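Commentary on secondary and tertiary structure
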Amino acid sequence: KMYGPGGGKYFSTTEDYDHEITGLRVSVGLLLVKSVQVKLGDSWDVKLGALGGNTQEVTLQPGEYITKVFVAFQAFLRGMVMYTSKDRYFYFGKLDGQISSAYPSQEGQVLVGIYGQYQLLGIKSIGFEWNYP
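Attention in this report is confined to the structure presented alongside it. (Residues numbered from 1 in each chain as written, not as in the entry; some residues may be left out. Heavy atoms only, no water.)

Attention shifts here to the environment of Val 71. Mapped onto the elements, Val 71 comes out in strand 6 (residues 66-73). For the pair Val 71 and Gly 97, spaced 26 residues apart in sequence, the C-alpha to C-alpha distance is 8.9 Å. The residues contacting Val 71, other than those within four sequence positions of it, are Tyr 3, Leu 77, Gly 79, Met 80, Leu 95, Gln 98, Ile 99, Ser 100, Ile 126 and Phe 128. (Helix = DSSP H or I, 4+ residues; strand = E, 2+ residues; numbered from the N terminus. Contact = heavy atoms within 4.5 Å.)

For soluble globular proteins, nonpolar side chains are generally found buried alongside one another. Counting 30 residues, the largest nonpolar core has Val 26, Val 69, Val 71, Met 80, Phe 92, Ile 126 and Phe 128 as the members making the most contacts within it. Listing elements by their share of this core, those giving two or more residues are strand 2 (21-28), strand 3 (33-40), strand 6, strand 7 (77-84), strand 8 (89-93), strand 10 (110-119) and strand 11 (122-131). If we ignore the near neighbours within four places in the chain, the residues touching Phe 128 are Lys 1, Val 69, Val 71, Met 80, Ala 102, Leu 111, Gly 113, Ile 114 and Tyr 115. (Core = buried A, V, L, I, M, F, W, Y, C linked by side-chain atoms within 4.5 Å. Buried < 20%, exposed > 50% of the residue type's maximum accessible area, 1.4 Å probe, protein only.)

A few words now on the pattern of salt bridges. Applying the stated criterion to the full structure yields four salt bridges. Residue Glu 64 pairs with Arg 88 through a salt bridge whose shortest N-O separation is 2.6 Å. With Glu 64 in the loop between strand 5 (54-59) and strand 6 and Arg 88 in the loop between strand 7 and strand 8, this pair connects stretches of sequence that are 24 residues apart. Accessibility expressed as a relative area gives 28% for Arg 88, which makes it partly exposed. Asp 96 serves as the salt-bridge partner of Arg 78, at 2.9 Å between the closest nitrogen and oxygen. You can see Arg 78 sitting in strand 7 and its partner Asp 96 sitting in the loop between strand 8 and strand 9 (98-102), a full 18 residues away along the chain. Judged by relative accessible area, which is 6%, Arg 78 ranks as buried. (Salt bridge = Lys/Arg side-chain N within 4 Å of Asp/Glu carboxyl O.)

On to the layout of surface pockets. Approximately 160 Å³ is the volume attributed to the largest pocket. Lining the largest pocket are 14 residues, with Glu 15, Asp 16, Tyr 17, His 19 and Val 112 positioned closest to its centre. Put simply, the parts of the chain that give the lining of the largest pocket at least two residues each are strand 10 and strand 11. Considering only residue class, the lining of the largest pocket consists of seven nonpolar, two polar and five charged. (1 Å grid on protein atoms, 1.4 Å probe; cavity = no way out; pocket = protein on both sides within 12 Å on 5 of 7 lines; lining within 4 Å. Points joined across faces, edges and corners; volume = space filled by probe spheres on them. Nonpolar A, V, L, I, M, F, W, Y, C, P; charged D, E, K, R; others polar.)

Shown next, in the form of structure tokens:
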């Protein structure tokens, strides 16, 4: 469920039937992952987290799901790696701090949301919602 030292303002991505995560954007400053943003179908969901940084955009091909995520913390979320069902990885930031593994406890489940806590400087805490397409 919830990774990091935490404390902050709670966020969670919009979770929808009829619409899945088709893409994603993570904002990274010089060091910290500031904010995340999922595209749900043909529309970017609200952008959640600290302001600022450079935003990496990543686009899932149809039928491609996020199935696992590594996350590194250091007072603030430094880095995140997402692996998909098409043998594709997406690196954001640098994996340095305390690495942690998020995966579904069940088979064929895939990333449906992201949630956590953030403050002014970036994200203090992150977690992932798994579920069938």
